[PDB]
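Chemist: Please find one structure pasted underneath; my questions will follow.
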Amino acid sequence: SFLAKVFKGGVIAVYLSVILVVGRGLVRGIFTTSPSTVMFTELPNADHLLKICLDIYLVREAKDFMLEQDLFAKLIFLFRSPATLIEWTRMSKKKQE
Amino acid sequence: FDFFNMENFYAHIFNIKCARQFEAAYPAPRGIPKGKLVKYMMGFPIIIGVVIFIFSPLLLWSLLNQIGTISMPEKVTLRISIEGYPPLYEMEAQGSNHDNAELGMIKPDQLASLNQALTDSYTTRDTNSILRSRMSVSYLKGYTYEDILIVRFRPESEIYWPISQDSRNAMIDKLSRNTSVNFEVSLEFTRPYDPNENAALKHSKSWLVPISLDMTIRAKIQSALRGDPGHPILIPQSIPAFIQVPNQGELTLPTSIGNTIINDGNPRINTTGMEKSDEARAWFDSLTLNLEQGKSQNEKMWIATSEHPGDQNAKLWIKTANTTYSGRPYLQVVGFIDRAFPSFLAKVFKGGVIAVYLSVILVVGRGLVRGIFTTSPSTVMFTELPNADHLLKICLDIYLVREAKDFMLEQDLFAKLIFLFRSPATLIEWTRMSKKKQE
Amino acid sequence: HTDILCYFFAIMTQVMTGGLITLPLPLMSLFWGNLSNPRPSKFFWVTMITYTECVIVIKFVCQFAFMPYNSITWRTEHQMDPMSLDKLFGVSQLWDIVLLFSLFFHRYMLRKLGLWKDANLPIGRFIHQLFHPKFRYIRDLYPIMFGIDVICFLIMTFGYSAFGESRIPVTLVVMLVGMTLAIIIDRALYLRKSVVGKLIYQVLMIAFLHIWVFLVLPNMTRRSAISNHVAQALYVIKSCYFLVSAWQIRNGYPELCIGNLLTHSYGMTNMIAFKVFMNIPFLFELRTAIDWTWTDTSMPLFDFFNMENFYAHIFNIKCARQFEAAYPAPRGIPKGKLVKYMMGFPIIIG
Amino acid sequence: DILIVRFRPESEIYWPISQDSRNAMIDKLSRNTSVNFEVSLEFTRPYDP
Amino acid sequence: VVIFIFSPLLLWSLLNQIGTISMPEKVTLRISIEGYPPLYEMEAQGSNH
């Protein structure tokens with residue numbers, strides 16, 4: 001009578017139900033990468049977008065909400081057209097320069 | 001991670017190309033509407049599956065409830081005693097055939113007579129009598145003649161009185177003072193084994209009638225207990241006449257019959273503003289006890305006798321038997337037996353069940369089903385491709401190079417694939433359908 | 001619209017007593033008046049008047065004392081059974097304000113006759129109602145029917161203890177909910193210009209409802225009519241559905257411009273409506289499958305679902321833009337202290 | 001796992017019956033009613049905390 | 001991955017742990033006529049076996 005046994009079949013169901021969600025979702029996401037999230041996750045040099053991301057905060061500190069609003073559309077457009085994103089995140093050249 | 005990305009890309013390309021080939025392997029007139037058959041050969045199935053998926057965990061619940069039944073008791077016993085002492089009178093009735101006089105069923109004649117008696121106790125003017133008769137008849141008619149038992153105990157106790165001299169002296173000396181002394185009436189029913197759940201269900205109930213503080217009453221009780229010839233110990237409002245036996249727990253009194261008796265017919269007292277403890281016990285029967293003793297002090301038995309409250313033979317009472325062995329009336333108790341056990345898993349807050357019952361219905365549809373039927377507004381540039389035969393070439397060629405070493409070509413051809421999933425213009429250019437047909 | 005009032009009061013006076021003596025009143029009223037013409041020819045009204053006078057007379061006679069419905073025996077014995085003889089036979093047995101619905105119906109029936117005096121004054125029946133109505137009135141009342149059906153499904157659900165004899169959820173509730181969902185589907189199929197289909201539909205459902213409410217449910221739930229205070233509401237709502245369906249049947253179908261009754265006004269109410277429509281599970285997909293199975297398309301089902309998703313997305317985007325534009329807002333001044341505490345504060349607490 | 005229980009032939013206590021119950025026994029057996037015997041056996045385990 | 005797959009079985013196998021109990025120490029037998037005090041009652045006790 002140690003906890004007896006609730007329909008072992010039902011136990012196995014849950015025992016698998018958990019094995020499912022975890023792998024079919026979390027583990028999948030962790031090991032692997034969606035065919036859509038390739039243009040964003042890998043970028044040769046992500047130093048130009050960080051400049052804007054810091055600059056908007058810097059402007060925010062010193063008021064000037066006009067520049068604060070005019071520089072958010074500039075960022076929102078970079079995630080719209082992949083050609084400009086690829087152009088801007090390309091690796092820098094001073095080394096052979 | 002690049003390995004996993006490449007394998008995912010290969011799987012996607014393989015699936016797309018193969019789906020295109022399978023679709024092309026079956027020509028189909030570009031125009032004529034879907035045939036009536038085809039539609040009913042595809043649409044119909046879905047609807048039925050969705051409906052059964054929605055309404056299945058209710059069907060299984062309805063099959064799972066399955067309110068069970070149990071058999072009626074086979075053992076009854078009653079014990080009358082003074083508080084904190086061995087019982088004065090103990091009597092039991094056994095049997096399982098339900099035909100003997102000790103434990104017998106109820107004939108339809110008695111049930112019909114009692115039902116007729118219930119209705120005529122009212123008076124034309126008073127509406128409270130109307131409501132009381134309505135409630136009492138509604139309660140009585142809820143049990144068929146197969147769910148009512150008539151228990152009959154013998155007046156004489158089955159065994160002698162097993163008391164010592166010192167305990168009797170303690171009884172007398174306790175009664176001498178101005179302390180509080182109580183009586184005790186206990187009744188219990190026993191069920192049959194019931195294998196499925198283990199154990200024999202037992203129902204017991206105990207009443208307590210306090211003794212009056214007047215010195216004369218205590219003197220009479222002391223004279224009776226000492227063993228004097230004529231002293232009929234009297235206890236009022238002790239044993240009921242109707243008892244409801246639930247499926248589990250303590251015995252329950254039928255309250256509607258009490259309201260029908262203490263109010264209709266001839267009202268009995270209830271005019272002194274009695275407390276609620278005796279308000280619900282005002283329709284009980286009274287008991288009297290005598291001591292027979294005999295030749296010696298070893299033989300000491302107690303004989304009990306019941307008296308009805310209010311007016312006797314008011315047609316609301318079932319006639320008793322005059323016994324056979326030696327002649328005095330049986331002690332009769334009528335029991336309404338309830339045999340509708342629903343403890344099958346009982347019920348955890350049905351609301352909580354419904355919550356989970358819906359919680360599951362939610363995740364499945366709001367996620368899996370959605371993904372399966374329908375398509376994200378983002379995954380259109382990839383899922384449908386007019387001709388996915390050029391990407392499969394690269395996907396196979398990278399493996400072919402991998403087999404023959406040459407890791408330089410192996411690495412220089414992975415960026416070529418990674419760039420095709422970056423710029424949609426080149427993807428659309430490359431996956432466009434081929435031209436040799438009109439070429 | 002006094003005739004609609006007469007039908008409504010006939011339904012009320014039938015549900016008030018729940019017998020079969022009054023049953024010919026609504027049965028005949030529906031079958032004849034709601035299917036004949038805009039004007040039942042002024043002879044049907046005479047028949048209704050005569051039957052109402054007769055029923056008033058007999059139910060006044062049956063409310064006497066020498067006859068066996070006394071308070072001594074019969075009332076007490078038959079108080080609990082739902083389908084014995086006197087409960088079953090209309091008015092034959094108390095009532096505080098007694099029955100006023102029949103009297104009010106009679107008064108309004110004579111008011112209708114007086115209004116008829118004030119103004120203006122069976123193969124042929126089907127031929128007139130179906131083939132020669134002539135002035136087709138082009139209207140489209142289906143959303144009202146859907147609202148009525150939604151109101152009834154929840155009353156079948158939220159109220160479940162009455163339909164069953166913690167108690168048991170009962171196996172019959174499942175049959176009722178499945179059957180009601182099937183009727184909801186059947187409405188959708190018959191929304192494709194099938195007048196004779198709708199006529200057979202209405203006859204079948206009126207017959208089924210009338211027999212089931214008064215002759216089967218009392219035997220199942222062990223609750224007599226009048227005492228069941230929720231089934232009467234279902235009867236009334238279904239009767240309103242029957243009246244509007246009869247109105248639709250008598251007139252001609254409209255062009256039926258395909259589209260939800262949510263894509264006409266681009267307001268804030270449509271947002272809540274569409275959001276609850278697409279938020280509850282197993283509804284969008286069910287509606288899409290029901291639509292595609294019984295409408296003339298050329299694309300397979302997956303393209304149908306993709307198109308519906310695209311339409312929903314476009315509708316939501318455009319409507320959100322309009323709602324945002326409907327409230328001008330100074331481009332510059334920072335968020336007011338109130339607004340912030342009228343929005344931020346709530347979230348934190350939740 | 002096998003036990004050999006041995007009860008004494010003689011009963012441990014006397015017969016605690018009254019005259020009236022014995023008369024009831026005899027009179028019930030006199031008629032053509034149905035009368036049954038009864039043999040009951042029970043084992044008791046240790047506390048098991 | 002292997003331990004994640006095969007752990008909730010290992011924990012089940014450790015969790016079962018079929019227990020044991022000790023043998024009875026009290027027995028009794030009662031022979032009677034139906035609906036009457038017992039004719040013969042006898043019990044046997046002991047724990048040393």
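To be explicit about the labels: the chains of the structure tokens are called A, B, and onward in the order shown, and within each one the residues are counted from 1, while ligands get numbers from 1 in the order they are shown.
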May I have all residues of stretch 260-377 of chain B that DSSP, computed from the backbone, assigns to strand (DSSP E), given as a VMD selection string?

Modeler: chain B and resid 285 to 291 302 to 307 331 to 337

Chemist: Go ahead and write the selection's residues with N, CA and C atoms as a short mmCIF file (atom, residue, chain, number, x, y, z; two decimals), in the first residue's frame.

Modeler:
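This went into selection28.cif:
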```cif
data_model
loop_
_atom_site.label_atom_id
_atom_site.label_comp_id
_atom_site.auth_asym_id
_atom_site.auth_seq_id
_atom_site.Cartn_x
_atom_site.Cartn_y
_atom_site.Cartn_z
N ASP B 285 -40.45 9.19 22.51
CA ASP B 285 -41.22 8.29 23.35
C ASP B 285 -40.60 8.21 24.74
N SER B 286 -41.42 7.81 25.71
CA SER B 286 -40.98 7.69 27.09
C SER B 286 -40.72 6.23 27.42
N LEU B 287 -39.81 5.99 28.36
CA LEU B 287 -39.44 4.63 28.75
C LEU B 287 -39.66 4.44 30.24
N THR B 288 -40.03 3.22 30.61
CA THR B 288 -40.10 2.80 32.00
C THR B 288 -39.39 1.47 32.15
N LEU B 289 -38.77 1.28 33.31
CA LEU B 289 -37.97 0.11 33.60
C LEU B 289 -38.34 -0.44 34.97
N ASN B 290 -38.45 -1.76 35.05
CA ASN B 290 -38.70 -2.46 36.29
C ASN B 290 -37.62 -3.50 36.50
N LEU B 291 -37.41 -3.88 37.75
CA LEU B 291 -36.43 -4.89 38.11
C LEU B 291 -37.17 -6.12 38.63
N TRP B 302 -33.64 -6.53 34.02
CA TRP B 302 -34.44 -5.32 33.90
C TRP B 302 -35.37 -5.44 32.70
N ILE B 303 -36.64 -5.10 32.91
CA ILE B 303 -37.67 -5.18 31.88
C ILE B 303 -38.09 -3.77 31.51
N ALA B 304 -38.06 -3.46 30.22
CA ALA B 304 -38.38 -2.14 29.71
C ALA B 304 -39.75 -2.12 29.05
N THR B 305 -40.34 -0.92 28.99
CA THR B 305 -41.65 -0.74 28.38
C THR B 305 -41.76 0.70 27.89
N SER B 306 -42.23 0.87 26.65
CA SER B 306 -42.30 2.18 26.02
C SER B 306 -43.72 2.72 26.07
N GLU B 307 -43.83 4.05 26.14
CA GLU B 307 -45.10 4.76 26.11
C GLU B 307 -45.01 5.90 25.10
N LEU B 331 -40.63 -3.81 21.70
CA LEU B 331 -40.14 -2.45 21.55
C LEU B 331 -39.85 -2.20 20.08
N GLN B 332 -40.58 -1.27 19.47
CA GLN B 332 -40.59 -1.11 18.03
C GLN B 332 -39.86 0.17 17.62
N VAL B 333 -39.01 0.06 16.60
CA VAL B 333 -38.34 1.21 16.01
C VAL B 333 -38.43 1.09 14.50
N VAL B 334 -38.92 2.14 13.84
CA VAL B 334 -39.06 2.16 12.39
C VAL B 334 -37.90 2.95 11.80
N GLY B 335 -37.20 2.34 10.85
CA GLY B 335 -36.03 2.96 10.25
C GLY B 335 -36.13 3.15 8.75
N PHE B 336 -35.88 4.37 8.30
CA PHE B 336 -35.83 4.70 6.88
C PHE B 336 -34.38 4.58 6.43
N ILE B 337 -34.10 3.58 5.61
CA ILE B 337 -32.73 3.22 5.24
C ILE B 337 -32.38 3.90 3.92
#
```

Chemist: What are the closest atom pairs, with distances in Å to one decimal, for each residue of chain B lying within 8 Å of chain A, using only C-alpha atoms, rows by chain and rising residue number, as a Markdown table?

Modeler:
```
| residue | atom | partner | partner_atom | distance |
| --- | --- | --- | --- | --- |
| B:1 | CA | A:31 | CA | 7.0 |
| B:4 | CA | A:32 | CA | 6.2 |
| B:5 | CA | A:33 | CA | 6.1 |
| B:8 | CA | A:35 | CA | 7.9 |
| B:9 | CA | A:35 | CA | 7.2 |
| B:379 | CA | A:36 | CA | 7.7 |
| B:418 | CA | A:38 | CA | 7.7 |
| B:421 | CA | A:38 | CA | 7.0 |
| B:422 | CA | A:39 | CA | 5.0 |
| B:423 | CA | A:82 | CA | 6.5 |
```

Chemist: Please provide as an MDAnalysis selection string all residues within 12 Å of residue C:12, with the sequence filter that same-chain residues fewer than 3 positions apart are discarded (counting only C-alpha atoms).

Modeler: chainID C and resid 5:9 15:18 22:23 25:26 99:105 226 232:233 235:237 239:240

Chemist: Set the distance at 12 Å and use only C-alpha atoms: which residues neighbour stretch 80-97 of chain C once local chain neighbours fewer than 6 positions away are removed? I'd like the list as a PyMOL selection string.

Modeler: (chain B and resi 127+130-131+134-135+137-142) or (chain C and resi 13-24+55-65+67-71+74+213-228)

Chemist: Please compute the atom CA of residue D:1-atom CA of residue E:31 distance, one decimal, in Å.

Modeler: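 Taking atom CA of residue D:1 and atom CA of residue E:31, their separation equals 26.9 Å.
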
Chemist: Using only C-alpha atoms, which residues of chain C come within 9 Å of chain B, and what is the closest atom pair for each, with the distance in Å to one decimal? Give it as a Markdown table, sorted by chain and residue number.

Modeler:
```
| residue | atom | partner | partner_atom | distance |
| --- | --- | --- | --- | --- |
| C:71 | CA | B:130 | CA | 8.5 |
| C:72 | CA | B:119 | CA | 6.9 |
| C:73 | CA | B:119 | CA | 6.8 |
| C:76 | CA | B:134 | CA | 6.3 |
| C:77 | CA | B:137 | CA | 8.0 |
| C:79 | CA | B:138 | CA | 8.1 |
| C:80 | CA | B:138 | CA | 7.2 |
| C:166 | CA | B:347 | CA | 7.3 |
| C:167 | CA | B:342 | CA | 8.7 |
| C:168 | CA | B:65 | CA | 7.2 |
| C:169 | CA | B:62 | CA | 6.9 |
| C:170 | CA | B:62 | CA | 5.9 |
| C:171 | CA | B:62 | CA | 5.3 |
| C:174 | CA | B:59 | CA | 6.9 |
| C:177 | CA | B:55 | CA | 8.7 |
| C:178 | CA | B:55 | CA | 7.6 |
| C:181 | CA | B:51 | CA | 8.9 |
| C:279 | CA | B:366 | CA | 8.4 |
| C:280 | CA | B:362 | CA | 8.0 |
| C:281 | CA | B:365 | CA | 5.7 |
| C:282 | CA | B:365 | CA | 6.1 |
| C:285 | CA | B:373 | CA | 7.8 |
| C:286 | CA | B:47 | CA | 7.6 |
| C:289 | CA | B:43 | CA | 7.1 |
| C:290 | CA | B:47 | CA | 8.0 |
| C:292 | CA | B:43 | CA | 8.3 |
| C:293 | CA | B:43 | CA | 5.8 |
| C:294 | CA | B:39 | CA | 8.7 |
| C:296 | CA | B:33 | CA | 7.0 |
| C:297 | CA | B:33 | CA | 6.5 |
| C:298 | CA | B:33 | CA | 5.3 |
| C:299 | CA | B:34 | CA | 8.4 |
| C:300 | CA | B:34 | CA | 8.5 |
| C:301 | CA | B:43 | CA | 8.8 |
| C:302 | CA | B:373 | CA | 7.0 |
| C:305 | CA | B:374 | CA | 6.2 |
| C:306 | CA | B:375 | CA | 6.1 |
| C:309 | CA | B:377 | CA | 7.9 |
| C:310 | CA | B:377 | CA | 7.2 |
| C:313 | CA | B:377 | CA | 8.7 |
```

Chemist: Show me which bits of chain E are within 9 Å of chain B, counting only C-alpha atoms, as a VMD selection string.

Modeler: chain E and resid 34 to 37

Chemist: Env of stretch 18-32 of chain D: 10 Å cut, atoms = only C-alpha atoms, seq-sep filter 6 positions within chain, self excluded. Answer as a ChimeraX atom specification.

Modeler: /B:100,154-160,299-301,323-326 /E:33-37

Chemist: Provide as a PyMOL selection string the residues of chain E at most 9 Å from chain A, counting only C-alpha atoms.

Modeler: chain E and resi 4-5+8-9+15-19

Chemist: Considering only C-alpha atoms, extract the chain C residues located within 10 Å of chain A and return them as an MDAnalysis selection string.

Modeler: chainID C and resid 331:334

Chemist: Store the residues picked out above in a file with N, CA, C and O atoms, as a compact mmCIF listing (two decimals), in the first residue's frame.

Modeler:
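Output file result.txt is given in full below:
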```
# COMPACT_ATOMS: atom_id res chain seq x y z
N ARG C 331 1.81 66.59 -29.71
CA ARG C 331 3.09 65.91 -30.00
C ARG C 331 4.25 66.62 -29.28
O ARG C 331 4.93 67.44 -29.93
N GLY C 332 4.47 66.33 -27.98
CA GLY C 332 5.62 66.92 -27.28
C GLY C 332 5.47 66.92 -25.76
O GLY C 332 6.34 66.33 -25.09
N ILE C 333 4.43 67.56 -25.23
CA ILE C 333 4.24 67.69 -23.75
C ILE C 333 4.40 66.31 -23.09
O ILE C 333 3.84 65.34 -23.63
N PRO C 334 5.11 66.15 -21.94
CA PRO C 334 5.27 64.81 -21.37
C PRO C 334 3.95 64.30 -20.82
O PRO C 334 2.99 65.04 -20.63
```
